[PDB]
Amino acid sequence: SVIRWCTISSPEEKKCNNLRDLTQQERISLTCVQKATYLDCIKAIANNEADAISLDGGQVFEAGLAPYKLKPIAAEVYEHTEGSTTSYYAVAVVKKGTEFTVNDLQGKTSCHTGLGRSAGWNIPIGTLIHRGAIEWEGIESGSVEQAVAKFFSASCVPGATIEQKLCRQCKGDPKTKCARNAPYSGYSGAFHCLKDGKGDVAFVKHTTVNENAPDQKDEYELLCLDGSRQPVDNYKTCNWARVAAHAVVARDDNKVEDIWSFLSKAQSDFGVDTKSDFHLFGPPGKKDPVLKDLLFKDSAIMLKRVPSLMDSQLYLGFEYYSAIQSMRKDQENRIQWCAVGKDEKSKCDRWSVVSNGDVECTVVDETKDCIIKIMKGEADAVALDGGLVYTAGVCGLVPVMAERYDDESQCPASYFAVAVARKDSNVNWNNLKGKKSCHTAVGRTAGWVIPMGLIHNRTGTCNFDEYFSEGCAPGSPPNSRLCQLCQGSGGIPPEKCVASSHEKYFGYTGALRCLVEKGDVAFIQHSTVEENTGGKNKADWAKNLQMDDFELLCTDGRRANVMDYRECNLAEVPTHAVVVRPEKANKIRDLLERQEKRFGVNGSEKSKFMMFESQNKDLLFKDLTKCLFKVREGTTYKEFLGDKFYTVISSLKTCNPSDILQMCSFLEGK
């Protein structure tokens, strides 16, 4: 196995070949391919001519677009007091004593790392446009380069292809001084452009001055957004943005592992603390800027694997991604709801019709897809079980409206997680090992987090697939034993163990059925037996079920009547809630509030549609819901869930965090 690395300059090619020589005997070898620009590299990689290249976030964006669709597999790590993470700070450095502020940039000369790059372009230009300093309303007001050439008197923007003015301050030969790999390119080139007097300001990163003139830091200052000027070491409190680290992108195929193994071993051997003559990263320090940031930035102290569920859009984040897109586009009162499965989509489509369109619908196969869609902005909201509200929270979404189950006029609030078993049996909370279990779904409060967290806490084990002989816990690996009792849709394809209403044993009611049809214990909520007895459920399996046919399993090992859940429950837990992106909270609460007035349990038009009712399947909202109560603005997911639940799920997630949780933890720095 050989990794074909794509370089975009002769110096990079030289370093790459140097690394090739140093790893010729390794299990995974290295090959070097030099191209004219990073874009030729993106194309080469997509075309299976090369395998990887490290890119600035602005280029990670380009590489992730169709038809390339490359993905970030490794991210640079930079030193941080708070803790080295995979992000850096874009700063605007000027020479001390020049007095002008961020508000006086019009008419000044500027130095940039390169066109389309985070710190050197996307951040500074996007910011000046946002503040209105650079007049640009969108694509129809002309190109961004034209608006920038009109703003700054002259600049050096490696890679600029429309405005000659943006190359005017660049150093070098007439035909190549404006190339993306020219003398004044990169964070270090842009800095020297400033140092040489060719720019009044250089848009670089927080380590730049230290990398090029540590002993002369005192001759520079940072331009803060509030108009102030501060010392270069104050970047944490005087920066224009915190942006995702440069990352190695590659095709979304099997070769990603070998690419990572090569890097992992390469950095173990020539990492930041290596005594070797060869440094994978830099090392940082004074030297010809043309020799800096080769292959990887000199400021990187390590590479970190990027969770597989990550794509370029998620990697960059909604705000930055949206900023880039806005500079490529021109020139609301409807909620884009996320429905999991065909059943939820049908109820949602119906809601769309009676809401006259105030609510729109998007379908996905799994709940986790809703979290991803909302993170990207493709969808606006979704109701999630507390367990998922946690994951959604780690992902940056917040709970804005929550379900209440007691009285509709009551909109604290909660429900109880219980263990249900057949009345006539010895099954108890202490002899559960080796038994058949039924779970609403993995990751959910009552069906998984509470029961399993309780077992993990007391036992210390994480191997849950072997604790129960077998059972059904939707969302588990298809061939796992916790999927053996699941039934799928009964159609084709089977869709067995899928975490949606398509799975016969999915949800609170689904797990009860599984108990009646195949299990020894069901992990549901306090009202589940109630909701499906007394003929309230006309399904063949439950049309004749009786409340007294079941019993609750208390933690002490004893058993009780299903109506004494308050004295025999695994835990009292936070209710399900509607999560959204913070900026959307305002609109979603308002639109959701007007909807409940028309279609709530006492809706003025409840005869047309009822938000809180479904065929015993908790579609979109729990069937138990009596009303939604507003979650105070600014409430974090931890505050909403309560410290008790938070502590439980926090610990349990150390066992086997899902792909999405790992992905969002990465985004959070973990």
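Residue numbers run from 1 along the displayed sequence.
Going from residue 301 to residue 302, you skip over nothing: the modelled chain follows the deposited sequence without a break. The deposited sequence places no unmodelled residues between residue 356 and residue 357, so the chain runs continuously there.
For the two regions 416-424 and 133-141, the entry's Cα B-factors average higher over 416-424. Here the stretch with the larger average CA B-factor, out of 521-529 and 112-120, is 521-529. Of the candidates 631, 30, 52, 63, the PDB record gives 30 the highest C-alpha temperature factor. The PDB entry assigns the greatest CA B-factor among 196, 369, 556, 572 to 556.
In the PDB entry, a CA B factor belonging to the middle third of its chain's modelled residues is recorded for residue 361. The deposited CA B-factor of residue 186 belongs to the lowest third of values across its chain. Among all modelled residues in its chain, residue 505 ranks in the middle third by Cα B-factor. For residue 235, the recorded CA B-factor ranks within the lowest third of the chain. Only modelled residues enter the ranking. Among all modelled residues in this chain, the alpha-carbon of residue 467 has a temperature factor (C-alpha) in the highest third.
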